[PDB]
Structures are given as C-alpha cells and as structure tokens.
2 protein chains.
Amino acid sequence: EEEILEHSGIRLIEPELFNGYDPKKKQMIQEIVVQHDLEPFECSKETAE
Amino acid sequence: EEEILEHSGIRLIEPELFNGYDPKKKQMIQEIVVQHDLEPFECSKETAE
C-alpha cells in the first residue's frame, strides 16, 4: 500500500521513467569560442573529416 | 522570368529560407571526454554555477 501510493499519482518527477530526466539537473549546452586551442584527440576517418 | 523559374518550384535547398540550413553542411555535435583540461574562460555568476 505505502509504495503503491508513494509511486502512483501526482508525485516528484522520477528520472527513471523519463530516460534519466532530472528537473533539478536540467541539462543544456552553451556555445563557447575556444580561447586556447585544445590538445588533440583521436577519432575515425569520417569523424575527423 | 529567369529568376522566377530559378527560385520557384523544386530546386536546391536555399539556406536563406530555412535559417541558414545547408544540407551540404548539416551541423551536429559529438560528445567528447576532455583528456587534457582546458584553459579558463570567463562567464557570469549564474553561468558558472
């Protein structure tokens, strides 16, 4: 009973039910211009191209 | 006449009509793990947090 009521109805968003979506940790990306060039990394022919 | 026919109908995708969308230069992003940490960059309080 306790767990049914705890995990049914209106409740805190569970990241396990939405592919790890944590509203507290809403993930985004910011555009930054590299000021100092980065060290090389290795990837395949198509990726480098 | 020539410009109407050139820029009407089925034609090469014009990036100016689709917010700079160039099919020849389809932009994507790849996840990379930093192997050597980058040099500092400056941003605001909320951005750093």
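What you see below is based on every heavy atom in this structure, not just the backbone, and it leaves out hydrogens, waters and symmetry mates. Chain identifiers are assigned alphabetically (A, B, ...) following the order of the sequence lines, protein sequences preceding nucleic acid strands; residue numbering begins at 1 within each chain.
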Does B:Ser8 have any side-chain hydrogen bond (donor to acceptor under 3.5 Å, both in side chains) partners at least two apart in sequence or in another chain, and if so, which? none

Pairing residues for A:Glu3 by the side-chain hydrogen bond (donor to acceptor under 3.5 Å, both in side chains) criterion, not counting sequence neighbours: A:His7

Do the side chains of A:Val34 and B:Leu38 join up, straight or via other hydrophobic residues, at under 4.5 Å, putting them in one cluster? yes

Within residues 40-49 of chain A, residues adjacent to chain B where the heavy-atom gap is under 4.5 Å: A:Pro40, A:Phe41, A:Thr47

Which of residues 9-31 of chain A get closer than 4.5 angstrom to chain B, counting heavy atoms alone? A:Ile29, A:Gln30

